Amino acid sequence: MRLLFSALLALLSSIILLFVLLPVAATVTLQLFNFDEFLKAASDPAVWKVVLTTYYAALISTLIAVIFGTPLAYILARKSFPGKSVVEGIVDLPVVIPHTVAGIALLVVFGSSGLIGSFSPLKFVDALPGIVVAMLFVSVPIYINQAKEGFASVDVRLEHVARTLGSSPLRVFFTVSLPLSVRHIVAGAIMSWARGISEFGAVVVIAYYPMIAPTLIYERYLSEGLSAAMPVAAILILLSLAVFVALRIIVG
């Protein structure tokens, strides 16, 4: 009688597992039936040019995140002031704003007409900066939140003691706080990188040309059809499984 509930749960859960598996799986599967194209795609240096631009651009957003996001994540896990409610909301803004809008909004500020752009002698549009700013905005919250849980996990006493043993707030931070939440900062970073990499909407609208993996696929999809994009898709899928399972095996 209990196998019915034990299976009901097992069944329902094995469904979404296939749902999320089938597509990804299938597309890479079928890349056998046309291993010629797949191989060519794999060799296509146009792809690799994009892949790198992608990975590298997203890697910058992450660093920017860690570098500015961490401090905030600490402040959120520890101190509690009147504003918080707001500060916490601002951090989650990007999660509610659809990709496209994000891009548009970003454009309204980093384009040569933007409050910021009109000053930044660094050009954003159709430039890494743009891509960065795009990816950043969309992944910043993702990092911060993870970084927060990090600091949140560290026993405050540990920090108390550390000051007790005569250690400035600054000392404590780098010797107790940080080192202890590293496995969260790291995870958070990796996660924000996966976010940047996966972004399409926010990006396309700011800088189209220094082309990103997501775009190159969309273009070929529209330009040559489905069967002309599958290869690049599968390449990008596999390309990711590797990079991430790799990272996991280098942390767990």
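Counting begins at 1, following the sequence as shown.
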Given 98 to 106 and 176 to 184, the range whose Cα B-factors average higher in the PDB entry: 176 to 184
Higher-B stretch (mean Cα B-factor, as the entry records it), 66 to 74 or 219 to 227: 219 to 227
Selection from 148, 171, 84, 160 [criterion: highest C-alpha temperature factor in the record]: 84
Residue selected from 53, 192, 198, 34 by maximal Cα B factor: 34
Modelled-residue ranking by C-alpha temperature factor, third containing residue 80: highest
Relative C-alpha B-factor of residue 111, binned into the chain's lowest, middle or highest third: highest
Residue 46 CA temperature factor, ranked by third within the chain: highest
B-factor third for the C-alpha atom of residue 125 within its chain: middle
B-factor third for the C-alpha atom of residue 139 within its chain: lowest
